[PDB]
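A single chain, nothing else alongside it, follows as structure tokens in the form deposited in one PDB entry.
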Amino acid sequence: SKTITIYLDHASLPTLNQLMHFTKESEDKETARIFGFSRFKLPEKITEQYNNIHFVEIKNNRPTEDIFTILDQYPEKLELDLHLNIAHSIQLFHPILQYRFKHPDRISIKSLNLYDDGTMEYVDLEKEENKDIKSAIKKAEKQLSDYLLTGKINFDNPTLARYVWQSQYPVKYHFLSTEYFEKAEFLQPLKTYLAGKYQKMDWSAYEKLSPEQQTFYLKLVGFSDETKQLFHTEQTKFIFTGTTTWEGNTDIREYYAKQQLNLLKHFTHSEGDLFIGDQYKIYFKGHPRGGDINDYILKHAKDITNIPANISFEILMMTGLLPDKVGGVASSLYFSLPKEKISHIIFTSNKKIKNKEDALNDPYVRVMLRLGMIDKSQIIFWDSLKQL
């Protein structure tokens, strides 16, 4: 066989993981890789050292037909190691299935590594609390069997269907929060079904890396020495973390930036509802896909060290550069933080939240209550805050 290692992700959290996986094999310059992001994302000094590396576009949660053209170039017998995100695993797989119908004996699936895309996985599970989890698993297994036979997507329970890949392939899951699966009683049947099949997105597997692997990785993910110097001062440190939306609308986008800067004001200003104290030096960490929203913040923010948006927050924990305090809008990044470092986590919603009972029905709120990253007495959505 020839092995082909296919990384289908471009979102920050799964791609951060996948880039470390790749790092562990980086000396092998020969093996074929496919990445689901731009050829320009990574340093060309690094990528041009690789002989069988290609980059493919993901559109509407599927790789484009370029992946067919890329795999057509390998006439040998092929084993595919797929790395894909849990939330969209079904859609991302659709074209791989299509291609296998054309090349069944030459094209086999050696393994799946399935990583959380973010917190969507967790807010979708919240909606499943009163359902019969045991039978949903069985139903999903059969429907995945049909998917593999027909190539057609039909799942009664798309959320739970994400977790039944083991009934067809060798699979290993990497979870943002293993605890959610132990602490959520309704998920006991799922926890049992998946026993042995999962690990946590640890980030302590960065320690395991060679000192040289470490240096390579940091160049992949874009952490330089400048960025390291940003934290030289012995002064104590607060990082404001930003967010984004997946919406092309001006006003939805401006709304965001406006709310967010305002929110920053409330942590930093002594007139603020969340004022942290004058001891802290302030840093900004924009959302990787926040674009203009990050810009607006940097246009208006006095007295603030930017940590370039494209650097995933979790690198700070790997490298030991984590601050004393962190605050901002709810994000996957908080799931990595020791609790004493949290200043405040703020929520958003399309629904106007008028009271505590509205608040409690928010599924992100529920996730964080379930994991005890917040308690009930302090729930804040950012519209309820005032302009400063």
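Think of the rigid core as the biggest set of C-alphas that the two forms share within 1.5 Å after superposition. Numbering starts at 1 and runs along the sequence shown.
One more form of this protein exists, namely the form deposited in another entry; it is left out here, but the text below deals with it.
- Superposing the rigid core between the shown form and the other one leaves a single residue from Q199, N306, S145, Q98 with a C-alpha shift of at least 2 Å: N306.
- Comparing the forms between the shown form and the other one, the C-alpha position of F275 differs by 2 angstroms or more, with the core used for superposition.
- Put the two forms on the same core and the Cα of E185 is off by less than 2 Å between the shown form and the other one.
- With a cut-off of 2 Å and the rigid core superposed, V164 has a Cα displacement that falls short of the cut-off between the shown form and the other one.
- Three angstroms is the minimum change: in the other form, the CA atoms of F35 and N294 sit farther apart than in this structure, by 3 Å or more.
- One change in the other form concerns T319 and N17, whose Cα atoms lie at least 3 Å closer than in this form.
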